[PDB]
Structures are given as C-alpha cells and as structure tokens.
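Enquirer: Supplied structure: final-v3.txt, compact mmCIF, N, CA and C atoms.
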```
# COMPACT_ATOMS: atom_id res chain seq x y z
N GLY W 1 74.42 -31.17 95.74
CA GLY W 1 75.83 -31.34 96.05
C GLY W 1 76.63 -31.85 94.87
N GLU W 2 77.96 -31.73 94.94
CA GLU W 2 78.79 -31.96 93.76
C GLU W 2 78.80 -33.43 93.36
N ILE W 3 78.88 -34.34 94.33
CA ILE W 3 78.83 -35.76 93.97
C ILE W 3 77.51 -36.09 93.30
N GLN W 4 76.39 -35.59 93.84
CA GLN W 4 75.11 -35.87 93.21
C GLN W 4 75.00 -35.21 91.83
N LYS W 5 75.61 -34.04 91.65
CA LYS W 5 75.61 -33.43 90.32
C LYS W 5 76.39 -34.26 89.32
N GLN W 6 77.51 -34.84 89.74
CA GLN W 6 78.28 -35.70 88.85
C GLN W 6 77.50 -36.95 88.49
N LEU W 7 76.80 -37.54 89.46
CA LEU W 7 75.98 -38.70 89.16
C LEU W 7 74.87 -38.35 88.18
N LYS W 8 74.28 -37.15 88.31
CA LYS W 8 73.23 -36.76 87.38
C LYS W 8 73.78 -36.61 85.97
N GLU W 9 74.99 -36.04 85.85
CA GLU W 9 75.63 -35.93 84.53
C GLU W 9 75.92 -37.31 83.95
N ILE W 10 76.41 -38.23 84.78
CA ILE W 10 76.66 -39.59 84.31
C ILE W 10 75.37 -40.24 83.81
N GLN W 11 74.25 -40.05 84.53
CA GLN W 11 72.97 -40.59 84.07
C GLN W 11 72.58 -40.00 82.72
N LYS W 12 72.85 -38.71 82.52
CA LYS W 12 72.56 -38.08 81.24
C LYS W 12 73.45 -38.65 80.14
N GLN W 13 74.72 -38.90 80.45
CA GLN W 13 75.60 -39.51 79.46
C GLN W 13 75.11 -40.90 79.07
N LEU W 14 74.60 -41.67 80.04
CA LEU W 14 74.08 -43.00 79.74
C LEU W 14 72.86 -42.93 78.84
N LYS W 15 71.99 -41.93 79.06
CA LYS W 15 70.83 -41.78 78.19
C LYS W 15 71.26 -41.41 76.78
N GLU W 16 72.32 -40.60 76.65
CA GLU W 16 72.85 -40.28 75.33
C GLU W 16 73.41 -41.53 74.65
N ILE W 17 74.13 -42.37 75.41
CA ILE W 17 74.65 -43.61 74.85
C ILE W 17 73.51 -44.51 74.41
N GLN W 18 72.43 -44.56 75.19
CA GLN W 18 71.28 -45.38 74.81
C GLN W 18 70.67 -44.88 73.50
N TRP W 19 70.63 -43.56 73.32
CA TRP W 19 70.19 -42.98 72.05
C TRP W 19 71.12 -43.38 70.91
N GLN W 20 72.43 -43.32 71.14
CA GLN W 20 73.37 -43.69 70.08
C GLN W 20 73.22 -45.15 69.68
N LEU W 21 73.01 -46.02 70.67
CA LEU W 21 72.81 -47.44 70.38
C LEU W 21 71.53 -47.67 69.59
N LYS W 22 70.46 -46.94 69.91
CA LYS W 22 69.24 -47.08 69.13
C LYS W 22 69.44 -46.64 67.69
N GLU W 23 70.24 -45.58 67.48
CA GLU W 23 70.56 -45.18 66.11
C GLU W 23 71.34 -46.27 65.39
N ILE W 24 72.31 -46.88 66.08
CA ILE W 24 73.08 -47.95 65.46
C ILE W 24 72.18 -49.13 65.11
N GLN W 25 71.26 -49.47 66.01
CA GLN W 25 70.36 -50.59 65.73
C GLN W 25 69.49 -50.29 64.52
N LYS W 26 69.06 -49.03 64.37
CA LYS W 26 68.31 -48.65 63.18
C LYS W 26 69.16 -48.76 61.92
N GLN W 27 70.43 -48.33 62.00
CA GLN W 27 71.31 -48.43 60.85
C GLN W 27 71.52 -49.88 60.43
N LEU W 28 71.60 -50.79 61.40
CA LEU W 28 71.81 -52.20 61.11
C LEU W 28 70.57 -52.85 60.53
N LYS W 29 69.39 -52.33 60.85
CA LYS W 29 68.17 -52.84 60.23
C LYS W 29 68.08 -52.41 58.78
N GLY W 30 68.41 -51.15 58.49
CA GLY W 30 68.41 -50.65 57.13
C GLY W 30 69.75 -50.83 56.44
N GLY C 1 89.24 -36.00 98.03
CA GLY C 1 88.30 -35.87 96.93
C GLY C 1 88.28 -37.08 96.02
N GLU C 2 88.46 -38.27 96.60
CA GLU C 2 88.68 -39.45 95.77
C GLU C 2 87.42 -39.89 95.06
N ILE C 3 86.25 -39.73 95.68
CA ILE C 3 85.01 -40.09 94.99
C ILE C 3 84.79 -39.17 93.80
N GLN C 4 84.93 -37.86 94.00
CA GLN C 4 84.78 -36.92 92.90
C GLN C 4 85.76 -37.23 91.78
N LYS C 5 87.00 -37.56 92.12
CA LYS C 5 88.00 -37.87 91.10
C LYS C 5 87.60 -39.11 90.32
N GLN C 6 87.09 -40.12 91.02
CA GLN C 6 86.71 -41.35 90.34
C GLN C 6 85.49 -41.14 89.45
N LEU C 7 84.52 -40.34 89.92
CA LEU C 7 83.37 -40.01 89.08
C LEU C 7 83.79 -39.24 87.84
N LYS C 8 84.79 -38.36 87.96
CA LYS C 8 85.27 -37.64 86.78
C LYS C 8 85.95 -38.59 85.80
N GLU C 9 86.68 -39.59 86.30
CA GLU C 9 87.25 -40.58 85.39
C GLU C 9 86.15 -41.33 84.64
N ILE C 10 85.06 -41.68 85.34
CA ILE C 10 83.94 -42.34 84.69
C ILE C 10 83.31 -41.44 83.65
N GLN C 11 83.15 -40.15 83.97
CA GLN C 11 82.59 -39.22 83.00
C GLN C 11 83.46 -39.15 81.74
N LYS C 12 84.78 -39.14 81.91
CA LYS C 12 85.67 -39.12 80.76
C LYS C 12 85.57 -40.41 79.97
N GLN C 13 85.46 -41.54 80.68
CA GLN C 13 85.32 -42.83 80.01
C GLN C 13 84.01 -42.91 79.22
N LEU C 14 82.92 -42.35 79.77
CA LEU C 14 81.67 -42.33 79.02
C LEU C 14 81.78 -41.45 77.77
N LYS C 15 82.56 -40.36 77.83
CA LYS C 15 82.80 -39.57 76.63
C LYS C 15 83.60 -40.36 75.60
N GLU C 16 84.58 -41.15 76.04
CA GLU C 16 85.31 -42.01 75.10
C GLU C 16 84.37 -42.97 74.40
N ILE C 17 83.42 -43.53 75.16
CA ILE C 17 82.44 -44.47 74.59
C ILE C 17 81.52 -43.76 73.61
N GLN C 18 81.03 -42.57 73.97
CA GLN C 18 80.21 -41.80 73.04
C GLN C 18 80.96 -41.50 71.75
N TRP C 19 82.23 -41.11 71.87
CA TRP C 19 83.00 -40.79 70.67
C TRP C 19 83.13 -42.01 69.77
N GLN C 20 83.40 -43.17 70.37
CA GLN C 20 83.58 -44.37 69.56
C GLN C 20 82.26 -44.87 69.00
N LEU C 21 81.14 -44.70 69.72
CA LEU C 21 79.84 -45.03 69.14
C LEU C 21 79.54 -44.13 67.95
N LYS C 22 79.93 -42.86 68.03
CA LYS C 22 79.79 -41.96 66.89
C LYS C 22 80.63 -42.44 65.71
N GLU C 23 81.83 -42.96 65.99
CA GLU C 23 82.65 -43.52 64.91
C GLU C 23 82.01 -44.76 64.29
N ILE C 24 81.35 -45.59 65.10
CA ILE C 24 80.65 -46.75 64.56
C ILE C 24 79.49 -46.30 63.68
N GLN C 25 78.77 -45.26 64.10
CA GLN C 25 77.69 -44.72 63.26
C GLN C 25 78.23 -44.27 61.91
N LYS C 26 79.42 -43.67 61.88
CA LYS C 26 80.03 -43.30 60.61
C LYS C 26 80.26 -44.52 59.74
N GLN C 27 80.81 -45.59 60.32
CA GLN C 27 81.09 -46.79 59.56
C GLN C 27 79.83 -47.40 58.97
N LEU C 28 78.69 -47.20 59.62
CA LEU C 28 77.42 -47.78 59.22
C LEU C 28 76.60 -46.89 58.29
N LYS C 29 77.11 -45.72 57.89
CA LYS C 29 76.38 -44.87 56.97
C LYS C 29 76.11 -45.62 55.67
N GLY C 30 74.93 -45.38 55.09
CA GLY C 30 74.46 -46.13 53.93
C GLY C 30 75.21 -45.91 52.63
N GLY R 1 85.72 -47.65 100.12
CA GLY R 1 84.70 -48.57 100.60
C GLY R 1 83.74 -49.00 99.52
N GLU R 2 82.47 -49.16 99.88
CA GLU R 2 81.47 -49.64 98.93
C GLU R 2 81.29 -48.68 97.77
N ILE R 3 81.41 -47.37 98.00
CA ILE R 3 81.25 -46.44 96.89
C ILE R 3 82.40 -46.62 95.90
N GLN R 4 83.65 -46.59 96.39
CA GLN R 4 84.77 -46.84 95.48
C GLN R 4 84.64 -48.20 94.80
N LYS R 5 84.21 -49.22 95.54
CA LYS R 5 84.19 -50.57 94.98
C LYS R 5 83.17 -50.67 93.86
N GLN R 6 81.99 -50.10 94.06
CA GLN R 6 80.99 -50.19 93.01
C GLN R 6 81.31 -49.26 91.85
N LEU R 7 82.01 -48.14 92.10
CA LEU R 7 82.50 -47.33 91.00
C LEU R 7 83.58 -48.07 90.21
N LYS R 8 84.42 -48.85 90.90
CA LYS R 8 85.42 -49.65 90.20
C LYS R 8 84.75 -50.71 89.33
N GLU R 9 83.66 -51.31 89.82
CA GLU R 9 82.92 -52.27 89.01
C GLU R 9 82.34 -51.59 87.77
N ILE R 10 81.81 -50.38 87.93
CA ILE R 10 81.32 -49.61 86.79
C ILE R 10 82.45 -49.37 85.79
N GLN R 11 83.64 -49.01 86.28
CA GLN R 11 84.76 -48.79 85.37
C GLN R 11 85.14 -50.07 84.64
N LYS R 12 85.08 -51.22 85.32
CA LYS R 12 85.36 -52.49 84.66
C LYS R 12 84.33 -52.79 83.57
N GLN R 13 83.05 -52.57 83.88
CA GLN R 13 82.01 -52.77 82.87
C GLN R 13 82.23 -51.86 81.69
N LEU R 14 82.63 -50.61 81.95
CA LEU R 14 82.85 -49.67 80.85
C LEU R 14 84.05 -50.07 80.00
N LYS R 15 85.11 -50.57 80.64
CA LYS R 15 86.26 -51.10 79.91
C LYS R 15 85.84 -52.23 78.98
N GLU R 16 85.03 -53.15 79.49
CA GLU R 16 84.64 -54.29 78.67
C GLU R 16 83.74 -53.85 77.53
N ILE R 17 82.93 -52.81 77.76
CA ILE R 17 82.13 -52.22 76.69
C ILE R 17 83.04 -51.62 75.62
N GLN R 18 84.11 -50.93 76.04
CA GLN R 18 85.04 -50.37 75.07
C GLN R 18 85.70 -51.47 74.24
N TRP R 19 86.00 -52.61 74.86
CA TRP R 19 86.54 -53.72 74.08
C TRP R 19 85.51 -54.26 73.09
N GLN R 20 84.23 -54.26 73.46
CA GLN R 20 83.20 -54.64 72.49
C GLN R 20 83.17 -53.69 71.31
N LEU R 21 83.37 -52.39 71.56
CA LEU R 21 83.33 -51.43 70.46
C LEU R 21 84.52 -51.62 69.53
N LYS R 22 85.69 -51.93 70.10
CA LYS R 22 86.87 -52.25 69.31
C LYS R 22 86.59 -53.43 68.39
N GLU R 23 85.93 -54.46 68.92
CA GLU R 23 85.64 -55.64 68.11
C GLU R 23 84.60 -55.34 67.04
N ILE R 24 83.59 -54.54 67.38
CA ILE R 24 82.55 -54.21 66.41
C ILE R 24 83.13 -53.44 65.23
N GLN R 25 84.03 -52.49 65.50
CA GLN R 25 84.62 -51.75 64.39
C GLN R 25 85.51 -52.65 63.54
N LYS R 26 86.20 -53.60 64.17
CA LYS R 26 86.99 -54.57 63.41
C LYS R 26 86.10 -55.40 62.50
N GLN R 27 84.94 -55.84 63.02
CA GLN R 27 84.01 -56.63 62.21
C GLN R 27 83.49 -55.83 61.03
N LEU R 28 83.17 -54.55 61.25
CA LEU R 28 82.65 -53.72 60.18
C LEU R 28 83.69 -53.49 59.09
N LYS R 29 84.97 -53.41 59.47
CA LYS R 29 86.02 -53.27 58.47
C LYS R 29 86.14 -54.53 57.63
N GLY R 30 86.15 -55.70 58.27
CA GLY R 30 86.21 -56.96 57.56
C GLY R 30 84.94 -57.25 56.78
N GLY E 1 69.15 -39.31 94.95
CA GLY E 1 68.79 -40.47 95.73
C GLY E 1 69.99 -41.18 96.34
N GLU E 2 69.72 -42.26 97.06
CA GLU E 2 70.77 -42.96 97.79
C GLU E 2 71.84 -43.46 96.83
N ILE E 3 73.11 -43.27 97.20
CA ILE E 3 74.18 -43.41 96.22
C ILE E 3 74.41 -44.87 95.84
N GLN E 4 74.38 -45.80 96.80
CA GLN E 4 74.68 -47.18 96.44
C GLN E 4 73.63 -47.75 95.51
N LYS E 5 72.36 -47.38 95.72
CA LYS E 5 71.31 -47.79 94.79
C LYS E 5 71.52 -47.17 93.41
N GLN E 6 71.91 -45.90 93.36
CA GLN E 6 72.21 -45.29 92.07
C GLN E 6 73.32 -46.03 91.35
N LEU E 7 74.37 -46.43 92.08
CA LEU E 7 75.47 -47.12 91.43
C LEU E 7 75.04 -48.49 90.93
N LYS E 8 74.21 -49.20 91.70
CA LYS E 8 73.73 -50.49 91.21
C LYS E 8 72.85 -50.31 89.98
N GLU E 9 72.03 -49.25 89.94
CA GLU E 9 71.20 -49.03 88.76
C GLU E 9 72.05 -48.73 87.54
N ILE E 10 73.15 -47.99 87.71
CA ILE E 10 74.07 -47.79 86.59
C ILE E 10 74.66 -49.12 86.14
N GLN E 11 75.08 -49.96 87.09
CA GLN E 11 75.62 -51.27 86.74
C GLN E 11 74.61 -52.09 85.93
N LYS E 12 73.33 -51.99 86.28
CA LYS E 12 72.31 -52.73 85.54
C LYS E 12 72.18 -52.19 84.13
N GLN E 13 72.22 -50.87 83.98
CA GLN E 13 72.16 -50.26 82.66
C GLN E 13 73.36 -50.66 81.81
N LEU E 14 74.54 -50.78 82.43
CA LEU E 14 75.72 -51.17 81.66
C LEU E 14 75.67 -52.64 81.25
N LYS E 15 75.05 -53.50 82.07
CA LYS E 15 74.84 -54.88 81.64
C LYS E 15 73.91 -54.93 80.44
N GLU E 16 72.88 -54.08 80.43
CA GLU E 16 72.00 -54.02 79.27
C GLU E 16 72.75 -53.56 78.03
N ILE E 17 73.63 -52.56 78.17
CA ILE E 17 74.42 -52.10 77.03
C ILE E 17 75.36 -53.19 76.54
N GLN E 18 76.01 -53.92 77.46
CA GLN E 18 76.84 -55.05 77.06
C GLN E 18 76.02 -56.07 76.27
N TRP E 19 74.81 -56.37 76.74
CA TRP E 19 73.93 -57.30 76.05
C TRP E 19 73.60 -56.80 74.65
N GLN E 20 73.22 -55.53 74.53
CA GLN E 20 72.89 -54.96 73.23
C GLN E 20 74.09 -55.02 72.28
N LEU E 21 75.29 -54.73 72.79
CA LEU E 21 76.46 -54.77 71.94
C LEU E 21 76.81 -56.19 71.53
N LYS E 22 76.58 -57.17 72.41
CA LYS E 22 76.81 -58.56 72.02
C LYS E 22 75.84 -58.98 70.93
N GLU E 23 74.59 -58.53 71.01
CA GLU E 23 73.63 -58.81 69.94
C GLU E 23 74.13 -58.24 68.62
N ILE E 24 74.70 -57.03 68.66
CA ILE E 24 75.23 -56.41 67.45
C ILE E 24 76.42 -57.20 66.92
N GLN E 25 77.30 -57.66 67.81
CA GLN E 25 78.45 -58.46 67.38
C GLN E 25 78.00 -59.73 66.68
N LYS E 26 76.94 -60.36 67.17
CA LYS E 26 76.44 -61.58 66.54
C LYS E 26 75.89 -61.30 65.15
N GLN E 27 75.16 -60.18 65.00
CA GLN E 27 74.60 -59.83 63.69
C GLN E 27 75.70 -59.66 62.65
N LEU E 28 76.81 -59.03 63.03
CA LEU E 28 77.87 -58.74 62.08
C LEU E 28 78.65 -59.98 61.68
N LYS E 29 78.64 -61.02 62.52
CA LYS E 29 79.31 -62.26 62.12
C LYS E 29 78.37 -63.17 61.33
N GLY E 30 77.17 -63.40 61.84
CA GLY E 30 76.17 -64.16 61.11
C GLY E 30 75.43 -63.34 60.07
```
As structure tokens, please, write out the structure in this file.
Expert:
Amino acid sequence: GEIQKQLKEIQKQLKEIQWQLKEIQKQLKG
Amino acid sequence: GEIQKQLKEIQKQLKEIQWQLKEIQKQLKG
Amino acid sequence: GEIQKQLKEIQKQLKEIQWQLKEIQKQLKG
Amino acid sequence: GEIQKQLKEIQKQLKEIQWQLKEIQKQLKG
C-alpha cells in the first residue's frame, strides 16, 4: 500500500543519511 | 490524504538533510 | 491522531537535525 | 509492519543521528 511504500522509502533515505554520516566521520578522522 | 501528505513532507525534509550533508562532505574534502 | 502526532515529532527531530547541520557548517567555516 | 512501531523506530534512529551530530559539533570546537 501507498503509506507503507512511503515508509519504506523513508527508511531507505535514513540508511543513506547513515552512510553519509559515516563518510563524514571518516573525513574527520583523516 | 493527510498522512500521505505528511509523509511526503518528511521525504522532502530528508532530501534537504541529504543535500546539506553532501555540502558538509564538500567542506571536509582534504 | 497518534500517526499524525508521531510524524510531527519526527518532523521536529528533523528540524533540530537541520539546525545542527547549520551549526556544523558554521564551525567548519570558522 | 505496524505503523506506530515503525514511527517510534524512526524516532530512535533520529535520536542516534542527533547524538552523532552533537559528537561532531564537539570535535570541531575542541
């Protein structure tokens, strides 16, 4: 259903943000 | 359709956050 | 109801995250 | 899955992101 599809997309966006934060944390270490 | 509308606002807000995290990654380039 | 209310809490958390990103970019400039 | 649980799990993930960003803010000042 459409609401559940939107929630799944939001979960994917959060995983992408978590990836971006890990990249930033790596940049701050180096 | 108020739940769908609110979820779409959240999706747009997460895109704003992704864009700004990408800008932070630029600032942190070596 | 509870769905709108918890989505509103998510939006508030996302707003506060955006303010953290604003501050982080300010720190990197300074 | 059940929507209210999904929304609470998102809220927990956003608290973790707030925490991670606060750690980054501290690094840039100290």
Enquirer: After a least-squares superposition of chain R onto chain E, with every Cα atom paired in order, give the RMSD to one decimal place.
Expert: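 C-alpha RMSD, chain R fitted to chain E: 1.4 Å.
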Enquirer: With all atoms listed in the file considered, list every residue of chain C at most 7 Å from chain R, as a list in words.
Expert: residues 3, 10, 17, 20 and 24 of chain C
Enquirer: Edge lengths and centre in Å to one decimal, as AutoDock Vina command-line options, of the axis-aligned box that encloses all listed atoms of segment 2-13 of chain C with 6 Å added on every side?
Expert:
```
--center_x 85.6 --center_y -39.9 --center_z 87.9 --size_x 18.1 --size_y 18.0 --size_z 29.4
```
